[PDB]
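Trainee: Sharing a structure, written as C-alpha cells. Questions coming.
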Amino acid sequence: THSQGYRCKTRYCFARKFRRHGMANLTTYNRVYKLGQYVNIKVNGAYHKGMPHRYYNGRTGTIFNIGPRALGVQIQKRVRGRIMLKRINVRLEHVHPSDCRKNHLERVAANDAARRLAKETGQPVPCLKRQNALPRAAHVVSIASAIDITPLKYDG
Amino acid sequence: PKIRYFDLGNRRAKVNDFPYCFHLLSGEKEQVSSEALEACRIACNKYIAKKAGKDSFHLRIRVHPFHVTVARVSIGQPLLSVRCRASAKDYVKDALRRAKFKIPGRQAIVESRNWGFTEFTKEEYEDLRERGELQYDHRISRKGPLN
Amino acid sequence: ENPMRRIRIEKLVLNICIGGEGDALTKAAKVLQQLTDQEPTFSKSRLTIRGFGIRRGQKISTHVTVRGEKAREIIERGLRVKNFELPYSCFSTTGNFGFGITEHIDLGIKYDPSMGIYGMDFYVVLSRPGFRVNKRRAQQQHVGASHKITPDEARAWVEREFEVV
Amino acid sequence: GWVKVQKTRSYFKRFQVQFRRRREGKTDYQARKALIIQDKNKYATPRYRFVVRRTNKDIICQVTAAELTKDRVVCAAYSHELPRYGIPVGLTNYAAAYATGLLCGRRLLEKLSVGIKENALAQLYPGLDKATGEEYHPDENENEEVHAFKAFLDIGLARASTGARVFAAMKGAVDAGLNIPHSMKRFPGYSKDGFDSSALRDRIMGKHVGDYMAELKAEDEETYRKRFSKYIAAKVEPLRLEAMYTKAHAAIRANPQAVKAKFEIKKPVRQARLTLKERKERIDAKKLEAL
Amino acid sequence: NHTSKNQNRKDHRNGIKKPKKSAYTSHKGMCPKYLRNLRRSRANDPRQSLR
RNA sequence: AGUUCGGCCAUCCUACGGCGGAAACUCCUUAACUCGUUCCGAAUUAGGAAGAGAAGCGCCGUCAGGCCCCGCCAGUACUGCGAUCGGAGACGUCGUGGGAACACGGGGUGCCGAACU
RNA sequence: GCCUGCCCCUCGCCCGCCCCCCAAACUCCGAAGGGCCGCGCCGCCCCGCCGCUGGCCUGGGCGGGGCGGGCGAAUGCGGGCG
RNA sequence: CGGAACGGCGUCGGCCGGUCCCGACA
RNA sequence: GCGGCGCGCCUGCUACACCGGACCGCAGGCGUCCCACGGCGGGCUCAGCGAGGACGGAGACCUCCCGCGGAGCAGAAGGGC
C-alpha cells in the first residue's frame, strides 16, 4: 500500500452486478425511511455523488437524521480498542431497509398473539422461549428394508 | 520458449484409427523445465519413428509451459500422450520410458481406457460404432433445431 | 397484396463529393437545390487523408433529401440517363437501390458557364406504409421480417414503376 | 460471404434487458425520477402528478400519485367523455384538450370536496368561471387553511413546444382550480415580454380549426367533403365552434361527476399453449417425416 | 520495521469500549430544521421549561 | 379483452414462422394555422378520419439460442480446527467440522396493482 | 488445361465446428472462513404541542393519561467512568 | 546409518496376466 | 558512498473474499490542461459489421440495416454511464 485515495481497493465492491448496470429502480426513492430504523449501507457504483466509504459497506446502522436528498446513518466502527459511532450522510440509493430486526418483530407478534389465542382456550401459558435445537427423542425406525454397505476397492 | 511444437507425428489422422493411448501421468506437484519438455518429445519421437512409421503414432505434449519458461505440473496431470494403431502398440511404452528419464519426479506410463483423444470409453466407443450414433470429428445429442 | 403493404419511395439522397477546391462544392450544392426545392446540407468528413485537399471538415460532400412524388419525378429522369438499365447488384440487402449520373446537364438542367459539370449519386430508399414503427420516439419497435422489403420483391417493383428491366 | 455473427451466444448471455416499460418505449424513468422525487423529510405525504397522454383517437388526462408497488390515479378524464358534454368531433383538438383538462380538475376537486362544506376544495377554489386567454395561477392570491391541489405536468415523451396540445390540458386544470406550475411561454401568444391573451383564446375556442374549415370551403369543396367528413355528419360549422366549446365548458363545470358508460369483455379463441405430451407429438412429427 | 503483532491482544486488554449513551441520542449533525421545530414543540404545555 | 399510469426488471430477451382485432391501440391521411427538421412534415408540430391487419401489437410455435428451476456432478475440488500423522522433501493421509464450480440430464418460459373502457 | 483470364486445381485467408494447455494487474459462477447489525417491552385508545410538512381534518416528531397483556435463546458473569 | 534420480537372482508380502498330469521331435 | 527517490500524492496488483497488513517488491501516473472540456434544458445514438450507390478506389462520401457499448467522456489505471 503506497497510495490511499478514497476509492483504493474498490475495483470489485464498487463495481455493478453481472446484469445490474443502469439506473436504480424508482422503488428506492419511493421507499420511506423513518427515524431510528435499521438500514444496511451497500455502495452503488452508478450513483457516484454522496457515496459512502468502503468501510461503511456491509455495515448495518440506524438513521440518526432524515433529510432532503440524503439521510444520516450512524454505524459503530472499531478503531483500535474503542468502538466509535460514525455519523455519515448517505444518498438514498446507497441505503436500503434492514430485515435484521424482522425476526424479533415476527416473534414479538406471535409472543403476544399466541398468548391471547391460548388465553381464550387452554389456560397454561404457551412457552415463548426459543430452545436451541435440543437432543433426539425415543424415535422408532424400521429395520426391515435395511441395505448392507461395504467399502469399494481402489479401482484407479 | 524451447518448444513451439506439441502435437507431433500424425496430427492429421482420424478418430477411431488408433485405439490405445498411453499417458505418462505425473505424480509430483512441481515445475518441469521447458528444456526438458523439448528434450523428452524429440527422444520419444525418435524411438517410435525408428521402431514403426511416423503415420502410426500421434505424440502430444500435454502441458504448454507458460510460467516465466517453466511449466507448473500437478499430481495426476499427463505428460506425453501417444495414441497408436496396433501395428505400433508395443513400442510406445519403451519410448515413454526415455521420456521418464528426461523428466524429473515420479511419472508412470498409463494406458487409456478409451481411444484417448475421444473420452468415450473403449466399450462405449465400441457401442457407439455398433449404433452408428457417434459423430466423427462428439455426441450427436437431442438438442438444436429439428429441420 | 394487402393495401397496407405497397412499396413506396421513401426518399432520394443526391450525393456530390469533391476534394478541397474553394467553390467547386458550393456551386454543386446550389445545382442540386434547384431540382430538389430542399437546400442540400453540406456534409463534411472527419478523416484527413491527403487525397486532393481532403481534410477534417473540408466540405467533402453535399447531400440533399427529397421525399414524396416530387422525388419520383427526379428518379425517373436519372434512370433515362442510364437508358432505363440498372445492374442486378444495384439492389441492396435491405432492398434499397441506387444509380449514378455524371453531368448536371444530363437531367436536362441547362449548363451555366458559371456552373461546371457536377456528378451525383442517386440513392433510392424503399419503404412500405407502417415503417415509422422503427422511427417513432414513443413506442419504438423493430420492423418485422414480413414487412421488411426483400431485394427480390424490390426488383419486381422497379419494373412496375420505372420500367427498367 | 463468411463473417462473424453480431448476435453471438456470448452476446445473448451478457445483454441486460432494459426496464419492461423502457423495452415498450412507453416511459422515461429519468423523467419520472425527478417528477416524483420528494425530500424524505416530507415522508409518505402524497406527491401527485398530472400525466397527460395523447392517443390518435382521444387525449387521456390522469392525476396520479406514485406508490411503492403501484401508481394510484385519484381522478382521470379521457376525451371520449367530452361528447357527453356536447363535444361531437375533433376530440384531439387544442380546444378539446383544454376541455379534457377542465373535466379532470373539476372531477378531482368535486371528489375532494365530497361533503366538506366549510373550506371545501370546490368552494374555496372555483377557478375561472368561463374560459378566457388570461393567465390565472390558483396558488397565487387566494390561499390559506385549504391550499389548491398541486400536481406536476408529465408530458411524457412529447417535445416541449409552443402551441402543444399537451400544454393545453395544463391550462384547463389550472382554470378549474388545480394548481400546476406554468410559465405561459410554451402556450400560444408568447414573445418578448408581450403575451397575447387573444392567441391563447383563439385556439382554446377552436378558431384555428374554424379558419381551416372556411379555407377548404373556398379552395376545394371536395376536400371539405373528405377531410372534414366526420364534422359534416355532426353539422358543426366554423362560426358555431367557439360558442359550442363554451357551452361544453359550462356543462363540464356544472356536472363533472363521472358516469360509467358502456364497456364489454371479449375473451378471444387465442391459439393456445400445448402440454408436454402435445409437444412430444410435434417433435415426433418432424422426426418421422425426416426419414 | 512495520509490524502489528500484539496489537489485537493490546486492544482487547480491557477494550471493546462502547461509544456512550449521549452519543447514540445526540443533536449533532441532525437536520437544522428538525432541531428548530423540536425546540418549539418542547416549549409548550408540560415540556415547556420557560418561566 | 384492451388502454393509460406503475412496481420486479429476460420465466418478461433475440431471431424466425403462424393466428387474431368487436372495442381499444397502432397504422394511416393532410398542412389552413401553431410548431418542426446540419437538408428532408422521415421524425417532429398541428388538423384529422377513406382505408388497414402488412407491420407494430395480443397470442401461439420452435428436439431454436439465451434466460430460469431441479437433480446430478459429489462428500468431489477446496478449506476451518487438532495430530512427535507418514514423507528427504513437496505433497498426501487420519481425526473433527463447513462444503463448491463447469459441464451434463430433466423441467420451465412474466406476474402484480390503480384509473378506465 | 486456356488467343489470354481468377476459364484448371491446391493450400493459405475468411468464417464455422472443435480442441490442447493458461493468468497478478481475467471473471460465467463461487467456498471454507471471516465482518456488521438484531434477539423486550408489545399492542389498544384519547388528546396535547410544533414560525416543521402537506389539497386535506396530511404527516413526522415530541410529550401526558388510561386500558389490556408480560420478562419471552443457551452459558458464564456485577458493571460503568474519570 | 542427513540425503536424490537410479539400481539389486536380498528377504518378505501383495496386485494383476499366460502355461500346469491333455506332464509345463519324442 | 554512488546512483534511485516507498521524501508529498493516485490507479490496478502484491495482499493471503469486512477493515487494516510490508519489500531501493509489480506495472504505470500526478505538480497540469480547459470560461469551455463549465452549469442547465432539449433532441439524438455511439464504435463497427453487413449490403448498396458518379468520379471511387486501400482510403474521402451518402443511405437503409443490425447494433449492451465491442465508441466516447482531457491525460495513469480501475471502476461508472
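Convention: chains lettered A, B, ... in C-alpha cells order; per-chain residue numbering from 1; ligands numbered from 1 as shown.
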Quick one: residues within 12 Å of residue 243 in chain D, only C-alpha atoms (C1' of nucleotides) counted, chain neighbours fewer than 6 positions away excluded, as an MDAnalysis selection string?
Mentor: chainID D and resid 86:87 95 130:131 204:207 210 236:237 249:250
Trainee: Using DSSP secondary structure from the backbone, list all helix (DSSP H, G or I) positions within chain E, as an mmCIF file with C-alpha atoms, in the first residue's frame.
Mentor:
```
data_model
loop_
_atom_site.group_PDB
_atom_site.id
_atom_site.type_symbol
_atom_site.label_atom_id
_atom_site.label_comp_id
_atom_site.auth_asym_id
_atom_site.auth_seq_id
_atom_site.Cartn_x
_atom_site.Cartn_y
_atom_site.Cartn_z
ATOM 1 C CA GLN E 7 -1.953 -5.065 18.539
ATOM 2 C CA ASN E 8 -5.156 -7.130 18.950
ATOM 3 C CA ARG E 9 -4.106 -8.544 22.372
ATOM 4 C CA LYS E 10 -3.204 -4.966 23.455
ATOM 5 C CA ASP E 11 -6.580 -3.665 22.170
ATOM 6 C CA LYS E 21 -25.389 6.862 25.738
ATOM 7 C CA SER E 22 -25.146 10.603 24.933
ATOM 8 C CA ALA E 23 -23.505 9.700 21.580
ATOM 9 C CA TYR E 24 -26.365 7.422 20.400
ATOM 10 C CA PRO E 32 -31.240 22.051 11.497
ATOM 11 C CA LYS E 33 -34.949 22.434 10.541
ATOM 12 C CA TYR E 34 -35.761 19.334 12.674
ATOM 13 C CA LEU E 35 -33.865 20.836 15.622
ATOM 14 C CA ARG E 36 -35.625 24.240 15.414
ATOM 15 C CA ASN E 37 -39.129 22.709 15.251
ATOM 16 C CA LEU E 38 -38.308 20.257 18.090
ATOM 17 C CA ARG E 39 -37.458 23.196 20.420
ATOM 18 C CA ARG E 40 -40.806 24.941 19.645
ATOM 19 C CA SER E 41 -42.807 21.705 20.351
ATOM 20 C CA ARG E 42 -40.910 21.212 23.625
ATOM 21 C CA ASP E 45 -47.714 22.740 27.723
ATOM 22 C CA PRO E 46 -45.868 20.248 30.152
ATOM 23 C CA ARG E 47 -42.467 20.066 28.347
#
```
Trainee: Just asking: which residues within range 21-149 of chain C are strand (DSSP E) according to DSSP, as a list in words?
Mentor: residues 41, 42, 43, 61, 62, 63, 64, 65, 66, 67, 97, 98, 99, 100, 101, 120, 121, 122, 123, 124, 125, 126 and 127 of chain C
Trainee: Using N, CA and C atoms, can you export the residues from the last selection as a tab-separated table (two decimals), in the first residue's frame?
Mentor:
```tsv
chain	number	residue	atom	x	y	z
C	41	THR	N	-27.78	20.08	-47.53
C	41	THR	CA	-26.84	20.37	-46.43
C	41	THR	C	-25.42	20.02	-46.87
C	42	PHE	N	-24.43	20.73	-46.34
C	42	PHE	CA	-23.02	20.37	-46.64
C	42	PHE	C	-22.58	19.34	-45.61
C	43	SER	N	-22.29	18.12	-46.07
C	43	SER	CA	-21.90	17.04	-45.14
C	43	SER	C	-20.39	16.82	-45.26
C	61	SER	N	-18.55	16.61	-49.06
C	61	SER	CA	-19.73	16.22	-49.88
C	61	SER	C	-20.96	17.09	-49.59
C	62	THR	N	-21.85	17.18	-50.58
C	62	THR	CA	-23.17	17.83	-50.36
C	62	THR	C	-24.22	16.73	-50.50
C	63	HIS	N	-25.19	16.65	-49.59
C	63	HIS	CA	-26.27	15.65	-49.75
C	63	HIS	C	-27.63	16.31	-49.48
C	64	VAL	N	-28.63	15.99	-50.30
C	64	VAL	CA	-29.99	16.58	-50.14
C	64	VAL	C	-31.03	15.47	-50.12
C	65	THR	N	-32.02	15.56	-49.24
C	65	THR	CA	-33.07	14.52	-49.15
C	65	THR	C	-34.35	15.06	-49.79
C	66	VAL	N	-34.88	14.35	-50.78
C	66	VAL	CA	-36.17	14.75	-51.42
C	66	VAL	C	-37.13	13.58	-51.19
C	67	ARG	N	-38.35	13.85	-50.71
C	67	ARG	CA	-39.31	12.75	-50.40
C	67	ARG	C	-40.60	12.95	-51.20
C	97	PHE	N	-32.12	0.66	-53.43
C	97	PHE	CA	-31.28	0.62	-54.66
C	97	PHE	C	-30.60	1.97	-54.93
C	98	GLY	N	-29.69	2.04	-55.91
C	98	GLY	CA	-29.03	3.31	-56.27
C	98	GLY	C	-28.52	3.31	-57.70
C	99	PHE	N	-28.29	4.50	-58.28
C	99	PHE	CA	-27.71	4.63	-59.65
C	99	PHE	C	-26.97	5.97	-59.71
C	100	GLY	N	-26.13	6.20	-60.72
C	100	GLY	CA	-25.36	7.46	-60.68
C	100	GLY	C	-25.31	8.24	-61.98
C	101	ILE	N	-25.35	9.57	-61.89
C	101	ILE	CA	-25.28	10.46	-63.08
C	101	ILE	C	-23.91	11.15	-63.12
C	120	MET	N	-23.31	13.10	-59.60
C	120	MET	CA	-24.15	12.95	-58.39
C	120	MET	C	-24.35	11.47	-58.09
C	121	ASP	N	-24.75	11.14	-56.87
C	121	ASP	CA	-25.07	9.73	-56.54
C	121	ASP	C	-26.58	9.72	-56.28
C	122	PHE	N	-27.35	8.94	-57.04
C	122	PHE	CA	-28.80	8.84	-56.73
C	122	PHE	C	-29.02	7.63	-55.82
C	123	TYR	N	-29.50	7.83	-54.59
C	123	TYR	CA	-29.82	6.66	-53.75
C	123	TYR	C	-31.31	6.64	-53.42
C	124	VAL	N	-31.98	5.56	-53.80
C	124	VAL	CA	-33.45	5.45	-53.61
C	124	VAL	C	-33.75	4.48	-52.46
C	125	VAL	N	-34.52	4.94	-51.47
C	125	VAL	CA	-34.90	4.09	-50.30
C	125	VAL	C	-36.31	3.57	-50.54
C	126	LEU	N	-36.55	2.28	-50.26
C	126	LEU	CA	-37.89	1.68	-50.49
C	126	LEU	C	-38.56	1.36	-49.15
C	127	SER	N	-39.74	1.93	-48.88
C	127	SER	CA	-40.40	1.73	-47.57
C	127	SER	C	-41.91	1.51	-47.75
```
Trainee: With a cut-off of 12 Å and counting only C-alpha atoms, select all residues of chain D in contact with chain E and give the selection as an MDAnalysis selection string.
Mentor: chainID D and resid 40:42
Trainee: Could you list the residues in chain D lying within 9 Å of chain I, using only C-alpha atoms (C1' of nucleotides), and format the result as a list in words?
Mentor: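 Here is what falls inside 9 Å: residues 3, 4, 5, 6, 7, 11, 14, 15, 16, 17, 159 and 160 of chain D.
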Trainee: Let me see the file: selected residues, C-alpha atoms, as a PDB file, in the first residue's frame.
Mentor:
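Contents of the output file selection21.pdb:
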```pdb
ATOM      1  CA  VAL D   3     -18.314 -13.428 -41.391  1.00  0.00           C
ATOM      2  CA  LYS D   4     -18.848 -13.279 -37.572  1.00  0.00           C
ATOM      3  CA  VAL D   5     -22.470 -13.098 -36.264  1.00  0.00           C
ATOM      4  CA  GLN D   6     -23.127  -9.965 -34.114  1.00  0.00           C
ATOM      5  CA  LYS D   7     -25.879 -11.835 -32.208  1.00  0.00           C
ATOM      6  CA  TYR D  11     -23.807 -11.514 -26.503  1.00  0.00           C
ATOM      7  CA  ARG D  14     -24.207 -10.639 -21.434  1.00  0.00           C
ATOM      8  CA  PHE D  15     -27.148  -8.482 -22.683  1.00  0.00           C
ATOM      9  CA  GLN D  16     -29.122  -6.947 -19.771  1.00  0.00           C
ATOM     10  CA  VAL D  17     -32.747  -6.324 -20.741  1.00  0.00           C
ATOM     11  CA  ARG D 159     -41.396  17.575 -27.151  1.00  0.00           C
ATOM     12  CA  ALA D 160     -41.970  20.751 -25.115  1.00  0.00           C
TER      13      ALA D 160
END
```
Trainee: Could you work out which residues of chain G fall inside 8 Å of chain A? Count only C-alpha atoms (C1' of nucleotides), and format the result as a PyMOL selection string.
Mentor: chain G and resi 35-39+42+69+72-74
Trainee: Mind dumping the selected residues with N, CA, C and O atoms (P, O5', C5', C4', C3', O3' and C1' of nucleotides) as a PDB file, in the first residue's frame?
Mentor:
```
ATOM      1  P     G G  35     -15.181 -11.946  12.743  1.00  0.00           P
ATOM      2  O5'   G G  35     -15.862 -10.671  12.044  1.00  0.00           O
ATOM      3  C5'   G G  35     -15.036  -9.507  11.830  1.00  0.00           C
ATOM      4  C4'   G G  35     -15.719  -8.589  10.853  1.00  0.00           C
ATOM      5  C3'   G G  35     -17.060  -8.004  11.293  1.00  0.00           C
ATOM      6  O3'   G G  35     -16.931  -6.945  12.233  1.00  0.00           O
ATOM      7  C1'   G G  35     -17.219  -8.745   9.076  1.00  0.00           C
ATOM      8  P     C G  36     -17.749  -7.003  13.597  1.00  0.00           P
ATOM      9  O5'   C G  36     -19.009  -6.078  13.298  1.00  0.00           O
ATOM     10  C5'   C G  36     -18.888  -4.915  12.463  1.00  0.00           C
ATOM     11  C4'   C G  36     -20.185  -4.678  11.737  1.00  0.00           C
ATOM     12  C3'   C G  36     -21.436  -4.854  12.573  1.00  0.00           C
ATOM     13  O3'   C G  36     -21.747  -3.771  13.432  1.00  0.00           O
ATOM     14  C1'   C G  36     -21.725  -5.987  10.536  1.00  0.00           C
ATOM     15  P     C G  37     -22.018  -4.067  14.968  1.00  0.00           P
ATOM     16  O5'   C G  37     -23.600  -3.943  15.089  1.00  0.00           O
ATOM     17  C5'   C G  37     -24.324  -2.912  14.400  1.00  0.00           C
ATOM     18  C4'   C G  37     -25.631  -3.458  13.885  1.00  0.00           C
ATOM     19  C3'   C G  37     -26.515  -4.160  14.900  1.00  0.00           C
ATOM     20  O3'   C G  37     -27.246  -3.315  15.776  1.00  0.00           O
ATOM     21  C1'   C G  37     -26.453  -5.436  12.927  1.00  0.00           C
ATOM     22  P     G G  38     -27.623  -3.790  17.289  1.00  0.00           P
ATOM     23  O5'   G G  38     -28.745  -4.922  17.096  1.00  0.00           O
ATOM     24  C5'   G G  38     -30.109  -4.492  16.904  1.00  0.00           C
ATOM     25  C4'   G G  38     -30.964  -5.687  16.581  1.00  0.00           C
ATOM     26  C3'   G G  38     -31.287  -6.607  17.757  1.00  0.00           C
ATOM     27  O3'   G G  38     -32.336  -6.098  18.567  1.00  0.00           O
ATOM     28  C1'   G G  38     -30.731  -7.875  15.833  1.00  0.00           C
ATOM     29  P     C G  39     -32.153  -6.059  20.142  1.00  0.00           P
ATOM     30  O5'   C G  39     -32.788  -7.442  20.604  1.00  0.00           O
ATOM     31  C5'   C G  39     -33.942  -7.970  19.935  1.00  0.00           C
ATOM     32  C4'   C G  39     -34.052  -9.447  20.195  1.00  0.00           C
ATOM     33  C3'   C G  39     -33.571  -9.899  21.559  1.00  0.00           C
ATOM     34  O3'   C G  39     -34.535  -9.594  22.562  1.00  0.00           O
ATOM     35  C1'   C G  39     -32.805 -11.396  19.882  1.00  0.00           C
ATOM     36  P     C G  42     -41.486  -1.971  21.975  1.00  0.00           P
ATOM     37  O5'   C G  42     -42.298  -3.210  21.395  1.00  0.00           O
ATOM     38  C5'   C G  42     -43.623  -3.041  20.883  1.00  0.00           C
ATOM     39  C4'   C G  42     -44.371  -4.348  20.937  1.00  0.00           C
ATOM     40  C3'   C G  42     -45.841  -4.240  20.573  1.00  0.00           C
ATOM     41  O3'   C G  42     -46.001  -4.436  19.178  1.00  0.00           O
ATOM     42  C1'   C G  42     -45.631  -5.335  22.661  1.00  0.00           C
ATOM     43  P     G G  69     -55.454  -8.976  30.814  1.00  0.00           P
ATOM     44  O5'   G G  69     -53.903  -8.622  31.098  1.00  0.00           O
ATOM     45  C5'   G G  69     -52.910  -9.675  31.029  1.00  0.00           C
ATOM     46  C4'   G G  69     -52.394  -9.792  29.615  1.00  0.00           C
ATOM     47  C3'   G G  69     -50.971 -10.337  29.465  1.00  0.00           C
ATOM     48  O3'   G G  69     -50.985 -11.752  29.323  1.00  0.00           O
ATOM     49  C1'   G G  69     -51.190  -8.306  28.254  1.00  0.00           C
ATOM     50  P     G G  72     -37.079 -14.329  30.502  1.00  0.00           P
ATOM     51  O5'   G G  72     -36.762 -14.802  29.000  1.00  0.00           O
ATOM     52  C5'   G G  72     -37.134 -13.925  27.913  1.00  0.00           C
ATOM     53  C4'   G G  72     -38.043 -14.674  26.974  1.00  0.00           C
ATOM     54  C3'   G G  72     -37.835 -14.389  25.479  1.00  0.00           C
ATOM     55  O3'   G G  72     -37.542 -15.599  24.792  1.00  0.00           O
ATOM     56  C1'   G G  72     -40.131 -14.246  26.057  1.00  0.00           C
ATOM     57  P     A G  73     -36.432 -15.612  23.647  1.00  0.00           P
ATOM     58  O5'   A G  73     -35.087 -15.950  24.426  1.00  0.00           O
ATOM     59  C5'   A G  73     -35.005 -17.101  25.276  1.00  0.00           C
ATOM     60  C4'   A G  73     -34.129 -18.166  24.663  1.00  0.00           C
ATOM     61  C3'   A G  73     -32.910 -18.557  25.486  1.00  0.00           C
ATOM     62  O3'   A G  73     -33.240 -19.435  26.566  1.00  0.00           O
ATOM     63  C1'   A G  73     -32.276 -18.280  23.227  1.00  0.00           C
ATOM     64  P     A G  74     -32.467 -19.344  27.999  1.00  0.00           P
ATOM     65  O5'   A G  74     -31.105 -20.124  27.740  1.00  0.00           O
ATOM     66  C5'   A G  74     -31.113 -21.543  27.528  1.00  0.00           C
ATOM     67  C4'   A G  74     -29.787 -21.992  26.971  1.00  0.00           C
ATOM     68  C3'   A G  74     -28.597 -21.848  27.906  1.00  0.00           C
ATOM     69  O3'   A G  74     -28.531 -22.912  28.840  1.00  0.00           O
ATOM     70  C1'   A G  74     -28.003 -21.084  25.760  1.00  0.00           C
TER      71        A G  74
END
```
Trainee: Just the residues within 12 Å of residue 77 in chain F, please, counting only C-alpha atoms (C1' of nucleotides), with nothing from its chain fewer than 2 positions along; format it as an NGL selection string.
Mentor: (:F and (73-75 or 79 or 99-102)) or (:G and (30-32))
Trainee: Can I get the selection written as a PDB file, in the first residue's frame, with C-alpha atoms (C1' of nucleotides)?
Mentor:
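As a result, part-v4.pdb now contains:
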```
ATOM      1  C1'   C F  73     -21.516 -33.534 -10.671  1.00  0.00           C
ATOM      2  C1'   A F  74     -20.028 -35.084  -5.206  1.00  0.00           C
ATOM      3  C1'   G F  75     -18.932 -35.719   0.084  1.00  0.00           C
ATOM      4  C1'   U F  79     -10.767 -25.385   3.199  1.00  0.00           C
ATOM      5  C1'   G F  99     -18.679 -27.781   1.930  1.00  0.00           C
ATOM      6  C1'   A F 100     -18.293 -25.594  -4.237  1.00  0.00           C
ATOM      7  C1'   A F 101     -17.819 -24.835  -9.798  1.00  0.00           C
ATOM      8  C1'   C F 102     -18.097 -26.073 -15.048  1.00  0.00           C
TER       9        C F 102
ATOM     10  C1'   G G  30     -18.079 -19.403  -6.336  1.00  0.00           C
ATOM     11  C1'   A G  31     -16.366 -21.811  -0.870  1.00  0.00           C
ATOM     12  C1'   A G  32     -14.230 -22.568   3.786  1.00  0.00           C
TER      13        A G  32
END
```
Trainee: Could you list, as number ranges by chain, the residues of chain A having an atom within 7 Å of chain I when counting only C-alpha atoms (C1' of nucleotides)?
Mentor: A: 2-3, 5, 11, 14-15, 45-46, 55
Trainee: Using only C-alpha atoms (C1' of nucleotides), which protein or nucleic acid residues come within 9 Å of residue 47 in chain D? Drop anything in the same chain fewer than 5 positions from it, and give the result as an NGL selection string.
Mentor: :D and (36-38 or 64-66 or 150-152)
Trainee: Show me a table, sorted first by chain and then by increasing residue number, of the residues of chain I having an atom at most 9 Å from chain C, each with its shortest atom pair and the distance in Å to one decimal, counting only C-alpha atoms (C1' of nucleotides) and written as JSON lines.
Mentor:
```
{"residue": "I:50", "atom": "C1'", "partner": "C:93", "partner_atom": "CA", "distance": 8.3}
{"residue": "I:51", "atom": "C1'", "partner": "C:93", "partner_atom": "CA", "distance": 4.7}
{"residue": "I:52", "atom": "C1'", "partner": "C:92", "partner_atom": "CA", "distance": 4.4}
{"residue": "I:53", "atom": "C1'", "partner": "C:98", "partner_atom": "CA", "distance": 4.3}
{"residue": "I:54", "atom": "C1'", "partner": "C:119", "partner_atom": "CA", "distance": 4.9}
{"residue": "I:55", "atom": "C1'", "partner": "C:119", "partner_atom": "CA", "distance": 7.2}
{"residue": "I:59", "atom": "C1'", "partner": "C:49", "partner_atom": "CA", "distance": 7.3}
{"residue": "I:60", "atom": "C1'", "partner": "C:54", "partner_atom": "CA", "distance": 6.6}
{"residue": "I:61", "atom": "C1'", "partner": "C:61", "partner_atom": "CA", "distance": 5.9}
{"residue": "I:62", "atom": "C1'", "partner": "C:15", "partner_atom": "CA", "distance": 5.8}
{"residue": "I:63", "atom": "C1'", "partner": "C:123", "partner_atom": "CA", "distance": 6.6}
{"residue": "I:64", "atom": "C1'", "partner": "C:96", "partner_atom": "CA", "distance": 6.1}
{"residue": "I:65", "atom": "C1'", "partner": "C:94", "partner_atom": "CA", "distance": 6.5}
```
Trainee: Using only C-alpha atoms (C1' of nucleotides), which residues sit within 6 Å of range 81-95 of chain B once same-chain residues fewer than 4 positions away are excluded, as a PyMOL selection string?
Mentor: chain B and resi 18+20-23+44+47+56-60
Trainee: Find the distance between CA of residue 25 in chain C and CA of residue 107 in chain C and write it in Å to one decimal.
Mentor: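 Spanning CA of residue 25 in chain C to CA of residue 107 in chain C is a straight-line distance of 19.0 Å.
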Trainee: Go through chain G residue by residue and, counting only C-alpha atoms (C1' of nucleotides), keep those with an atom at most 12 Å from chain D; for each kept residue give the shortest atom pair and its distance in Å to one decimal, ordered by chain and increasing number, as CSV.
Mentor:
```
residue,atom,partner,partner_atom,distance
G:13,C1',D:2,CA,11.1
G:14,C1',D:2,CA,6.0
G:15,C1',D:2,CA,4.5
G:16,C1',D:2,CA,8.5
G:28,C1',D:13,CA,9.0
G:52,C1',D:41,CA,9.4
G:53,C1',D:42,CA,5.5
G:54,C1',D:45,CA,6.2
G:55,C1',D:149,CA,4.3
G:56,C1',D:146,CA,7.0
G:57,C1',D:116,CA,9.7
G:58,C1',D:45,CA,6.6
G:59,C1',D:45,CA,6.3
G:60,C1',D:43,CA,7.3
G:61,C1',D:41,CA,10.6
```
Trainee: Taking only C-alpha atoms into account, what are the residues of chain A at most 10 Å from chain D, put as a VMD selection string?
Mentor: chain A and resid 18 to 35 65 to 71 92
Trainee: Skipping near chain neighbours, those fewer than 5 positions away, what residues fall within 8 Å of residue 96 in chain B using only C-alpha atoms (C1' of nucleotides), listed as a list in words?
Mentor: residues 24, 44, 80 and 109 of chain B
Trainee: Tell me which protein, DNA and RNA residues are within 12 Å of residue 65 in chain G, counting only C-alpha atoms (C1' of nucleotides), leaving out same-chain ones fewer than 5 positions away, and put them as a ChimeraX atom specification.
Mentor: /G:45-48
Trainee: Check which residues of chain F sit at most 12 Å from chain A using only C-alpha atoms (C1' of nucleotides), and return one row each with the closest pair of atoms and their distance in Å to one decimal, ordered by chain and rising number, as JSON lines.
Mentor:
```
{"residue": "F:6", "atom": "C1'", "partner": "A:26", "partner_atom": "CA", "distance": 10.3}
{"residue": "F:7", "atom": "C1'", "partner": "A:27", "partner_atom": "CA", "distance": 7.5}
{"residue": "F:8", "atom": "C1'", "partner": "A:25", "partner_atom": "CA", "distance": 9.3}
{"residue": "F:9", "atom": "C1'", "partner": "A:25", "partner_atom": "CA", "distance": 8.6}
{"residue": "F:10", "atom": "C1'", "partner": "A:19", "partner_atom": "CA", "distance": 10.5}
{"residue": "F:67", "atom": "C1'", "partner": "A:19", "partner_atom": "CA", "distance": 11.6}
```
Trainee: Give me, as a VMD selection string, the residues of chain D touching chain C, with the criterion being at most 9 Å (counting only C-alpha atoms).
Mentor: chain D and resid 22 to 27 156 to 158
